[PDB]
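First, one chain by itself in structure tokens, the form deposited without the ligand.
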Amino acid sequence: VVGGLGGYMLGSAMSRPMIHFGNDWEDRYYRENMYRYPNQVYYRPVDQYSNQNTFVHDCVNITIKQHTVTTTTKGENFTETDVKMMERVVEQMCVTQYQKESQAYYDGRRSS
């Protein structure tokens, strides 16, 4: 727990997507430095929620407050640029993550 976190669950596993920062150099810089960013995202269970917006952005909030602290406490030091790029990343991650947390719920709750 990040010294707060009301129960937050970690993700599953996703990869490096191919972001669209809309600057040529940004698309290069990320293509090299993408490994700095997390391979999972922290979410809340779908068990009540409403609004994909807040699922993704509270996920992005916490995750960019977790994989900072988790690493920024070991003497890594995330650049400003990395932090803003990581936003696009963890946003597109947690989009796909909520597709699991909704579907694995709504389909898991079938049985046979």
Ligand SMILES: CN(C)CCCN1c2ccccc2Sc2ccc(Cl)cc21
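From 1 onward, residues are counted along the sequence shown.
The following text describes the form solved in complex with the ligand, which does not appear among the structures shown.
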Seen with the ligand overlaid from its pose in the deposited complex, and using a 2.4 Å cut-off to backbone or C-beta atoms, this pocket is blocked
Looking in the deposited complex, any heavy atom of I62 within 4.5 Å of the ligand?
yes
I'd like to know whether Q40 contacts the ligand in the deposited complex, with contact meaning heavy atoms within 4.5 angstroms.
no
Even though the ligand is not shown here, does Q66 get within 4.5 Å of it in the deposited complex, heavy atoms only?
yes
So which of 98-106, 19-27, 85-93, 5-13 is the stretch with heavy atoms within 4.5 Å of the ligand in the deposited complex?
5-13
